[PDB]
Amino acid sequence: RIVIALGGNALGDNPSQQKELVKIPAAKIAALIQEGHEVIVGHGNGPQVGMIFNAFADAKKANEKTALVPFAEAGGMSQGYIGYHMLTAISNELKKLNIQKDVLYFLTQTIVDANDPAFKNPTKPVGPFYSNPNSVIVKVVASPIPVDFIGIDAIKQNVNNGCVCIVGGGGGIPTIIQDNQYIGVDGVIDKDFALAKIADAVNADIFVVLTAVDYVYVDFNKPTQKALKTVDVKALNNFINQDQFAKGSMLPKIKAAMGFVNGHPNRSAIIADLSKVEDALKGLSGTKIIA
């Protein structure tokens, strides 16, 4: 069993090329389904949700009375926009290998606690760089911690069947619970965290985080610069103490990788690149993370 998370930057800038880019991950996903693995699939949406959200603003409101599309709704559109491209491609690749399996894309709502510190400190800048319907302009939005998901129960079961399931698109839509009632809110959820929570609920072995590096380095552009091959939480904690990692780029991926393997000798997390990910699953590339 293997949960794979594909960054939003790997899906490109326009539909045109997103349709292109997505083939690569899909073919890789197909090949594992052959080696006998269960691949649960996920993806980020930084660029795609931004493109969609801008656009409703960008000019559409400018050049008319077009409606107000909060960020939640643009994440909804981002999921169906991306899920569409992935659903074809991975279905398509599986067929090249004459394999029979249902590829699914679940629209994803991610449960977060409403008292999350993150809201009280609106972190991630978003949308038009102007100086915009009433939010905390600076705009900006939080990054809540993912506690669960609307259909996990049913999702894990589809994974129990041999269904190749695509979930946690862009990390899912931030959803709080208020008086036994759901309420989508505006903001984002880090897709690595999201997919790591999912990786846990389905209880896979491996959690692979796809990213544009062969290894995560420490002391970069320094004499003691070193590439991590294997490693563990204990060390990552020190490395993190000394700010080894780009706050955002690598830190969240590291932390999310830790959250998954922590106290589970039977599971690893791999942070490798797209080209070299089959190698990566055999120590030959990327950085393995363990309890």
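Note that residue numbering begins at 1 and tracks the sequence as displayed.
Counting the deposited residues that fall between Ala212 and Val213 and carry no coordinates gives zero. Unmodelled residues of the deposited sequence between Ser131 and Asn132: 4 to 9.
Higher average CA B factor: 151-159, of the stretches 151-159 and 167-175. Averaged over their C-alpha atoms, the temperature factors of 244-252 and 55-63 are higher for 55-63. Per the deposited coordinates, the residue with the largest Cα temperature factor out of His85, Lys191, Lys197, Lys101 is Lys101. Ranking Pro146, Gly76, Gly127, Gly184 by Cα temperature factor from the entry places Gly127 first.
Split the chain's modelled residues into thirds by C-alpha temperature factor. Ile270 is in the middle one.
Per the PDB record, residue ranking by Cα B-factor puts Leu11 in the lowest third of the chain.
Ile24: CA B factor lies in the middle third for its chain, per the PDB record. In this PDB entry, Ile33 carries a Cα temperature factor that places it within the highest third of its chain's modelled residues.
The entry lists a Cα temperature factor for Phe119 that places it in the highest third of the chain's modelled residues.
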